[PDB]
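Participant: Below is the structure I would like to discuss, written out as structure tokens.
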Amino acid sequence: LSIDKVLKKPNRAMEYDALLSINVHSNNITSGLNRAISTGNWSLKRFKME
Amino acid sequence: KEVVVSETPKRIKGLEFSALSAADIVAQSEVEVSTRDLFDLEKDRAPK
Amino acid sequence: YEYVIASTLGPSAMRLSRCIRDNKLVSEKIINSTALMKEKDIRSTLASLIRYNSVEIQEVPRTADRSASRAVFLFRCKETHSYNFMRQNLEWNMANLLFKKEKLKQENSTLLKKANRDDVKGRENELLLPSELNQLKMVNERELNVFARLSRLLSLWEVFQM
Amino acid sequence: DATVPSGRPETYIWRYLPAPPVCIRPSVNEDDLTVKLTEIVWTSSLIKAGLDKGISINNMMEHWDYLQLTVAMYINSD
Amino acid sequence: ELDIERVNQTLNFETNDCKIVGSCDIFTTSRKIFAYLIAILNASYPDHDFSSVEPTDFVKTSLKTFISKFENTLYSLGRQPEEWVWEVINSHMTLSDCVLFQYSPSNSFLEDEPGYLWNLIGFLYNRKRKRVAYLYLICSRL
Amino acid sequence: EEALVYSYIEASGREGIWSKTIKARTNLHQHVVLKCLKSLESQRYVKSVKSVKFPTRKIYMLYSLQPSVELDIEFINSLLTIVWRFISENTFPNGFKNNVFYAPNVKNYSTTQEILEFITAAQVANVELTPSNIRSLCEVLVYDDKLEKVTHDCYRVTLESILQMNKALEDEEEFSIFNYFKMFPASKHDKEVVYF
């Protein structure tokens, strides 16, 4: 839902490498692994366990 | 000059329970809460 | 009942109160077809008319529970709920008006006691000062103006007694 | 037993609502009750301004079912 | 960016029986600006025309007065509004020397959306950088 | 994908379709159908008409040129007055209101199939001048109580609406709401709302 926020916007001929928004969300892999081990809480939206 | 003031030591003998009127709520009130603005942020976040 | 609404809530409120009366289950899509006002003016003068029992609101439960999210509302015009409220809105106003009559005579009691005792006959000078006979003039004027408004109100009240 | 002037059965409908003292709900961080009172006020403002600017009956009832929902959460919240 | 993603993670949440969805965005793409904002409104909601209401209600109010109740509603929604947000939107846009606008007409185009409760829509025009933020908050009910 | 939206216009058939009611049955990609209608506008099939209903929404319809109803121009507040004035002229000569009336042998009324020619005789620059809704355009004047209905298909002006022109005054008739005066603020007044 952020790889299409550049495609349907102008500068069509100006392509983008699609690898500069990876670190926008890569601090959720780190911070979500670290929080769930530290807090002990287990909030899995897909698997439905709490 | 001054009035004879008197007091008796008293004691609760019962509780009575009722709802309040629309006039009992206003009679005990001090302000009419009308805004959702808790704080005015320009005066150092003081209660508005 | 249609002209006490028309005098007080404006003449446009008379128009809806009859248009809802004959159509008798009308909705707001049918109002602005059978009325000729702007739609926010319709949705204002209807809003200042549900506050009194002149109209009810008939909901439809399009979903299972009676949710107001996706539901259209219909507008009845009940006779007796609209009348019994107007019967006692006047009856309260009729009693409020005598409450302020008696409260005014009771706080001016030392005037009226002086107005009965010292000047049983000598009221050409009151045997008093002119700084209060004018004040007595604006008491007994309001004491007769309150019964004027009483008899004016009482003709409106006695209609719904029948 | 309507000898008491607050006896009358229409005193059990929320026309007026007492705002509790700040001793009842302090601020350490707003309180749970303080954030509920403002929400009730905001909904009432939406309703009172909406009744004069002109709002539909479909969203007058949407706010007024929501205002009733908040005061329901104000006392019980279950 | 990442900080814009953080301040958008702030403004999208849902409490017990309310769902608020709004965000901020900054992009460079008073007579000539009347059309410059309705394109932002058209791209923001591609199902309503905004060339219709041309003499709209742009209440040209103070930005301090706007961020006052913008902070007050986050107190009012149990959020405890975090102050660094207002530097971040400063840091991209130079919040100090810029003017604010607000599309708040008599009847907005969301009153027909079911579950609508209230909105807060902020425009922040910039002159030297041409950076208009479209700060919007849509409180719904589910 | 461009053929199912044709049938969905044909599902509307006469008025048109709004673009987020497309997702009620399609629920396709929101951007594919976003740019399909722009090329379909370039296809010279569909067109972007405006809403006869609640406005400010993208209404699309094929080349049918068929809307309905005109979204409340406030000129129509003036045309029904001279309609009301003309239907009052058949009752009595209006110089007596400052009071001769007759038995039910005169025809004080005038049917709607006479004023609809008169409104074309005193023509307005509008687009329709049509019947079968002037019969409902006077129905607001039987709701405003400026004229009453008679003989099941006709209309005539009531007596009370003649009294808009402004002697021992009567003892509080309720029906003269127009001439009762006001008062500079005293304490002994009564308002309708106060029992709230």
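Residue numbers (PDB author numbering), protein chains in the order written: chain A, 401 to 450; chain B, 2 to 49; chain C, 492 to 653; chain D, 245 to 272, 281 to 330; chain E, 6 to 34, 231 to 343; chain F, 89 to 157, 169 to 197, 205 to 272, 283 to 312. All C-beta atoms in this analysis are idealised placements derived from N, C-alpha and C, irrespective of residue type, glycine included.
Give a yes or no on whether the C-beta atoms belonging to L588(C) and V637(C) are separated by under 8 Å.
Facilitator: Counted from its first residue, the third sequence places residue 588(C) at position 97. Counted from its first residue, the third sequence places residue 637(C) at position 146. It is a contact, given that the beta carbons lie within the stated cut-off.
Participant: On a CA-only basis, which of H119(F), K111(F), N115(F), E98(F) is nearest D404(A)? Give me that one, please.
Facilitator: Mapped onto the first sequence, residue 404(A) falls at position 4. With distances taken between Cα atoms, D404(A) lies closest to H119(F).
Participant: Which chain F residues sit within Cβ distance under 7 Å of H249(E)?
Facilitator: The sequence position of residue 249(E) within the fifth sequence is 48, counting from 1. Simply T144, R145, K146.
Participant: With 7 Å as the C-beta to C-beta threshold (strictly closer), list the residues of the segment 290–303 of chain D near chain E in chain order.
Facilitator: From the segment 290–303 of chain D, only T290, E291, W294, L298 have a Cβ closer than 7 Å to chain E.
Participant: The beta strand (DSSP E) that contains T218(F), what's its start and end?
Facilitator: In the sixth sequence, residue 218(F) corresponds to position 112, counting from 1. Where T218(F) is concerned, there is no enclosing beta strand (DSSP E), although the alpha helix (DSSP H) it sits in stretches over 218–227.
Participant: How many Å lie between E98(F) and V140(F) at the Cα?
Facilitator: Counted from its first residue, the sixth sequence places residue 98(F) at position 10. Counted from its first residue, the sixth sequence places residue 140(F) at position 52. Cα to Cα, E98(F) sits roughly 18 Å from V140(F).
Participant: For a contact defined as C-beta to C-beta under 9 Å, what are the partners of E312(E) on chain A?
Facilitator: Start at 1 with the first residue of the fifth sequence, and residue 312(E) comes out as number 111. Those within 9 Å of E312(E) in chain A number zero; the least Cβ separation is about 28 Å.
Participant: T255(D) to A24(B), Cα distance in whole Å?
Facilitator: Within the fourth sequence, the letter at position 11 stands for residue 255(D). Within the second sequence, the letter at position 23 stands for residue 24(B). The alpha-carbon atoms of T255(D) and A24(B) are separated by roughly 10 Å.
Participant: Rank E634(C), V650(C), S642(C) by C-alpha distance to the C-alpha of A302(F) and give the top, closest one.
Facilitator: Working through the sixth sequence from its first residue, we reach residue 302(F) at position 186. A302(F) has its Cα closest to that of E634(C), out of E634(C), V650(C), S642(C).
Participant: Please classify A418(A): is it buried, with 16 or more other beta-carbons within 10 angstroms of its beta-carbon, or exposed?
Facilitator: Locating residue 418(A) in the first sequence gives position 18, counting from the first residue. Exposed: under 16 other Cβ atoms inside 10 Å.
Participant: Only counting the same chain, and skipping five residues up and downstream in sequence, which positions put a Cβ closer than 7 Å to that of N427(A)?
Facilitator: Counted from its first residue, the first sequence places residue 427(A) at position 27. Hits under 7 Å: none found.
Participant: Quick check on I268(D): does DSSP put it in helix, strand or coil?
Facilitator: As a working mapping, residue 268(D) is identified with position 24 in the fourth sequence. Three-state DSSP puts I268(D) in coil, outside helix and strand.
Participant: How big is the Cα-Cα spacing for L122(F) and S508(C)?
Facilitator: Taking the sixth sequence and counting its residues from 1, the one referred to as residue 122(F) is at position 34. Taking the third sequence and counting its residues from 1, the one referred to as residue 508(C) is at position 17. The straight-line gap from Cα to Cα measures roughly 45 Å.
Participant: Report the neighbours of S503(C) on chain E: residues whose CB is nearer than 9 Å to its CB, in chain order.
Facilitator: Along the third sequence, read from residue 1 onward, the residue named residue 503(C) stands at position 12. What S503(C) touches in chain E: nothing, since even the nearest Cβ is about 18 Å away.
Participant: Using the Cα positions of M313(D) and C23(E), report the straight-line distance between them to the nearest angstrom.
Facilitator: Counting from 1 along the fourth sequence, the entry for residue 313(D) is found at position 61. Counting from 1 along the fifth sequence, the entry for residue 23(E) is found at position 18. Spanning the two alpha carbons is a distance of roughly 16 Å.
Participant: Considering only C-alpha positions, which residue in the set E173(F), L247(F), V134(F), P237(F) is nearest to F224(F)?
Facilitator: The sequence position of residue 224(F) within the sixth sequence is 118, counting from 1. When only C-alpha atoms are compared, the closest one is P237(F).
Participant: On the premise that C568(C) lies in contact with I511(C), defined as a C-beta separation below 8 Å, what is that separation, rounded to the nearest angstrom?
Facilitator: For the purposes of this step, residue 511(C) is taken as the residue at position 20 of the third sequence. For the purposes of this step, residue 568(C) is taken as the residue at position 77 of the third sequence. Yes, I511(C) and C568(C) are in contact; Cβ-Cβ is about 5 Å, under 8 Å.
Participant: Can you confirm whether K529(C), when its beta carbon is compared against all beta carbons of chain E, has any partner nearer than 8 Å?
Facilitator: For the purposes of this step, residue 529(C) is taken as the residue at position 38 of the third sequence. No, its Cβ sits nowhere closer than 8 Å to a Cβ of chain E.
Participant: Please say whether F195(F) and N214(F) have beta carbons closer to each other than 8 Å?
Facilitator: In the sixth sequence, counting from the first residue as 1, residue 214(F) sits at position 108. In the sixth sequence, counting from the first residue as 1, residue 195(F) sits at position 96. No, the pair does not count as a contact, with Cβ atoms beyond the cut-off.
Participant: Do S245(E) and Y335(E) come within 8 Å of each other at the CB atom, strictly closer than that value?
Facilitator: Along the fifth sequence, read from residue 1 onward, the residue named residue 335(E) stands at position 134. Along the fifth sequence, read from residue 1 onward, the residue named residue 245(E) stands at position 44. In contact: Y335(E) and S245(E) (Cβ atoms closer than 8 Å).
Participant: Residues in the same chain with beta-carbon distance under 8 Å from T322(D), minus the five sequence neighbours each way, listed in chain order, please.
Facilitator: In the fourth sequence, residue 322(D) corresponds to position 70, counting from 1. The residues are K288, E291, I292, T295.
Participant: Starting from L125(F), find everything on chain E with Cβ-Cβ shorter than 8 Å and list it in chain order.
Facilitator: What you label residue 125(F) is simply residue 37 of the sixth sequence in a count that begins at 1. Ordered by position in chain E, no residue passes the 8 Å Cβ test against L125(F), which lies about 10 Å from the chain.
Participant: Name, please, each residue of chain E whose Cβ falls closer than 7 Å to the Cβ of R561(C).
Facilitator: For the purposes of this step, residue 561(C) is taken as the residue at position 70 of the third sequence. By Cβ distance, chain E contributes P315.
Participant: From the beta carbon of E519(C), is the nearest beta carbon of chain D less than 8 Å away?
Facilitator: Indexing the third sequence from 1 puts residue 519(C) at position 28. By this cut-off, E519(C) is an interface position.
Participant: Is the separation between the beta-carbon of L581(C) and that of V517(C) shorter than 8 Å?
Facilitator: Looking up residue 581(C) in the third sequence gives position 90. Looking up residue 517(C) in the third sequence gives position 26. Not a contact, by the Cβ cut-off of 8 Å.
Participant: Please return the same chain residues whose Cβ sits closer than 8 Å to the Cβ of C124(F), not counting the five positions on each side in sequence.
Facilitator: Here residue 124(F) refers to the residue found at position 36 when the sixth sequence is read from its first residue. Result list for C124(F): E89, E90, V93, in chain order.
Participant: Give a single yes or no on whether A99(F) has its beta carbon closer than 7 Å to a heavy atom of the ligand HEM.
Facilitator: This structure lacks the ligand HEM, and indeed carries no ligand of any kind.
Participant: In the DSSP assignment, the alpha helix (DSSP H) including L401(A) goes from what residue to what residue?
Facilitator: Here residue 401(A) refers to the residue found at position 1 of the first sequence. No alpha helix (DSSP H) holds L401(A); DSSP gives it neither H nor E.
Participant: Note down, in chain order, every chain C residue with its Cβ under 7 Å from the Cβ of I175(F).
Facilitator: Taking the sixth sequence and counting its residues from 1, the one referred to as residue 175(F) is at position 76. Within 7 Å Cβ-Cβ: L527.
Participant: Kindly list the residues whose CB is nearer than 8 Å to the CB of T262(E), restricted to its own chain and excluding five residues on each side of it in sequence; keep chain order.
Facilitator: Numbered from its first residue, the fifth sequence carries residue 262(E) at position 61. Counting only Cβ-Cβ distances below 8 Å, and skipping sequence neighbours, we find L301, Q303.
Participant: For the segment 418–431 of chain A, which residues have a CB atom closer than 8 Å to at least one CB atom of chain E, in sequence order?
Facilitator: Under the 8 Å Cβ criterion, the segment 418–431 of chain A contributes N423, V424, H425, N427.
Participant: Mind checking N21(E): buried by the 16 CB within 10 Å criterion, or exposed?
Facilitator: Residue numbering aside, residue 21(E) sits at position 16 when the fifth sequence is read from its first letter. Classification of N21(E): exposed, given that the 10 Å Cβ count is below 16.
Participant: Could you check whether the Cβ of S250(D) sits closer than 8 Å to any Cβ belonging to chain E?
Facilitator: For the purposes of this step, residue 250(D) is taken as residue 6 along the fourth sequence, with counting starting at 1. So no, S250(D) is outside the interface.
Participant: List the residues of chain F that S253(E) touches, going by C-beta distances under 8 Å, in chain order.
Facilitator: For the purposes of this step, residue 253(E) is taken as residue 52 along the fifth sequence, with counting starting at 1. Chain F residues near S253(E): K138, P143, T144.
Participant: Check each residue of the segment 271–285 of chain E: if its Cβ is closer than 9 Å to any Cβ of chain B, include it; give the result in chain order.
Facilitator: So the close ones are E272, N273, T274, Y276, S277.
Participant: Residues in its own chain within less than 7 Å of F18(E) by CB, not counting five upstream and five downstream?
Facilitator: Indexing the fifth sequence from 1 puts residue 18(E) at position 13. Once the five neighbours on either side are set aside, the close Cβ partners of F18(E) are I25.
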